[PDB]
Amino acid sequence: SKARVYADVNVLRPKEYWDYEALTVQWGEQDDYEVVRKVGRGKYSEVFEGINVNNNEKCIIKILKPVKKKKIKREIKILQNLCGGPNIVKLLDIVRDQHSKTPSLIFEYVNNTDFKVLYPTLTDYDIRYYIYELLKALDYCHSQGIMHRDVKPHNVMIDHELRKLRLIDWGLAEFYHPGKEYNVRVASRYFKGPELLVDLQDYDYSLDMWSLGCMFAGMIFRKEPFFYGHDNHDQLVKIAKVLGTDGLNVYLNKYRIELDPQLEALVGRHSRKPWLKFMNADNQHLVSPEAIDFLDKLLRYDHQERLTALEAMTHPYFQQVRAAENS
């Protein structure tokens, strides 16, 4: 398998672009930036509202937990590579604590609203608008030879008052190289593509489009997460109970994949559940044929069959957003 688009980006670029292991960090000044308040945390970092003491402007201070030097250079290089692109979070500085050498990544400040509280309030149009803003970031990063690999609401910072959106946490992101076999232990379970769940390792940018599809299904159906598996085998089963097993079988044989016996038995055999079966009185106001058509074209087992971020942006679902822009 190769990517259908942007496959040669890294081939054509100087090795310095994608050789993140050869990065030597230029450390800035740790006391330029003071923690004001914690705003988030995860397996790999803690994140604070901060202040730049020089100019008294807000910032975001992402303090990294102990991890391999490689994974740190990866995220930095990716961030520097994408700095300036549409709706991609801006890395302003990199610093460390002299004594312990714990890295902090310093970012533009974004004033997020938790999605679990924000998304209920989003109107039909809002959803079109923000998903389009997120597609800008994705087309940009793919165009630059990079896969996010962890698209999910938690990694999409939205300032609803200013209607500004940023794609955050490039910690799992990777450079796309034709043919390369990647670690499938990426993304977060509910947003993992079937490729990851069936150990197809030569995946690409398309992985992020599945993830996007999962996020989008959750928003329009008000069912978050959309695919709610308890473990990775169950994640595939939950998908197969919606997309049906035939599509799965076509897919497995195309890429010559054999499901280990236990998974194959868990998945079973299921007919397809049409997207309209998810509409109800909680979500009706957000379900439209254009939404469903767009969704349908994202959630495909075959990653080669999914819309590219470029393609998705032109889907008629987004036409008012696009027209609003072109004026």
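Throughout, we count residues from 1 along the sequence that is shown. Each form is matched to the other, and the largest set of C-alpha atoms that superpose within 1.5 Å is called the rigid core.
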Q: Please work out whether 179-187 or 96-104 has the higher root mean square C-alpha deviation in 9 other deposited structures of this protein relative to the shown form, with the rigid core as fitting region?
A: 96-104
Q. Higher mean Cα B-factor in the deposited model: 206-214 or 191-199?
A. 191-199
Q. Which has the higher mean CA temperature factor in the PDB entry, 234-242 or 251-259?
A. 251-259
**Q.** Deposited CA B-factor, highest of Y44, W275, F294, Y301
**A.** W275
**Q.** C-alpha B-factor winner, where the candidates are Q80, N155, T121, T102
**A.** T102
Q: Name the third of the chain's ranked CA B-factors that contains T308, choosing lowest, middle or highest.
A: lowest
Q: Could you tell me which third, lowest, middle or highest, the C-alpha B-factor of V151 occupies within its chain?
A: lowest
Q | Cα B factor band for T113 (lowest, middle or highest third within the chain) | A | highest
(Q) Considering every modelled residue of the chain and its Cα B-factor in the PDB entry, is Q98 in the lowest, middle or highest third? (A) highest
Q) Is the Cα B-factor recorded for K71 in the lowest, middle or highest third of its chain? A) highest
